[PDB]
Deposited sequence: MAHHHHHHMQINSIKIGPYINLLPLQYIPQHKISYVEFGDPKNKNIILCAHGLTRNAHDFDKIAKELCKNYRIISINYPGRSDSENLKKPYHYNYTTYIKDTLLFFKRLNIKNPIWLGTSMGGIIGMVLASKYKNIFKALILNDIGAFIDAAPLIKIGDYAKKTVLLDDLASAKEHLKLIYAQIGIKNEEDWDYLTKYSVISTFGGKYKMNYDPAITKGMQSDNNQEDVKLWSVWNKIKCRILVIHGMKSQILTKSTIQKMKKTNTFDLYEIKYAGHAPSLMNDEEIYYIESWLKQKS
């Protein structure tokens, strides 16, 4: 497991006017650096690159796997202004990242926010991805479950030890469906970090948390690559109705997971081996 980093920027976002400073993007890499077969993994909203460590350790024999820590997450530098945390910044950062590390035609694996980033990128640039895997995220999201998730993250929490930290993760990530305790331990290890005073906090900038339904249909329709949609059956972020409507405008394979909600951890061998299988269909 390699932990590297590059500095990108500065640049300017138009509409609205923003100045994005030079910031350090850390990333976690597995496998052979010279491998032309690349999988890029993009974490969820408050998550980080280490969410893909287990699946990467399994796939790094056939693929080069790069997991990007987006600004304000894990070992990636924070953005000074909370409004800089947006999809325009993320898109530019991702594209800048690609050129810097010479990444071409990779497979995109995105959870939550990471999936949306991949969706937009693939919708904007037709042949940017060899394949696209969406981890419980689709062309539409109801506002009601989105508000619920936001309010959990909105409350900032301090934690005594790793034991109380894990029990916190088992509550806020109760839907991810991790089956092994060893994987709960690994997740906790890279989800929280010690602070001065002996407490533990979530290893991300709380400014990231700073209403209406979400429609990504125009984006979903323009995607022109191979798509795998992983769906947690008890998920409220991605529903069966959304999936049914998605099929009318685009074609994709569907991986349904009964025991998980939003979103599957990709830490169960069950889930890992299926994805590895799906990737082997094409080559």
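Visitor: Provide the list of deposited-sequence positions lacking C-alpha coordinates, grouped into contiguous ranges.
Guide: Holes in the chain trace, numbered from 1: 1-8, 219-225.
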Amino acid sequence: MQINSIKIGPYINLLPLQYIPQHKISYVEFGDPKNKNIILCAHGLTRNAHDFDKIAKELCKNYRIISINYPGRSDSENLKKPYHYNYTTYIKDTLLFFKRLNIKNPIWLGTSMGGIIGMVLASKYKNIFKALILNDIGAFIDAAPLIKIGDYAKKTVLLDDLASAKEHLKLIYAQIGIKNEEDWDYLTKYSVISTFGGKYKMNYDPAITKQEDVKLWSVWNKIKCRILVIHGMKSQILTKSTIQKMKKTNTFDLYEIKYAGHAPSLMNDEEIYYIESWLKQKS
From here on, numbers count along this sequence of modelled residues.
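Visitor: Give the stretch, out of 267-275 and 16-24, with the larger mean C-alpha temperature factor in the deposited entry.
Guide: Here the higher of the two C-alpha B-factor means belongs to 16-24.
Visitor: State which stretch shows the higher mean Cα B factor in the entry: 180-188 or 131-139.
Guide: According to the entry, 180-188 carries the higher average C-alpha B-factor.
Visitor: Out of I107, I103, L121, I172, which one has a C-alpha B factor higher than all the others in the entry?
Guide: By C-alpha B-factor in the record, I172 ranks first.
Visitor: Which of these, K92, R73, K155, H84, has its C-alpha atom at the highest B-factor, as the entry lists it?
Guide: Across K92, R73, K155, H84, the entry lists the biggest C-alpha B-factor for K155.
Visitor: Comparing against every modelled residue in the chain, figure out the third that the C-alpha B-factor of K280 lands in (lowest, middle or highest).
Guide: It falls in the bottom third of the chain.
Visitor: Considering only modelled residues of the same chain, in which third does the CA B-factor of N69 rank: lowest, middle or highest?
Guide: As the PDB entry reports it, the C-alpha B-factor of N69 lands in the lowest third of its chain.
Visitor: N203: which third of its chain by C-alpha temperature factor?
Guide: Middle third, going by the recorded CA B-factors of the chain.
Visitor: Going by the entry, which third of its chain does the Cα temperature factor of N35 land in?
Guide: According to the entry, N35 has a C-alpha B-factor in the chain's highest third.
Visitor: Test of reading the entry: by CA B factor among the chain's modelled residues, which third contains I117?
Guide: Bottom third by C-alpha B-factor.
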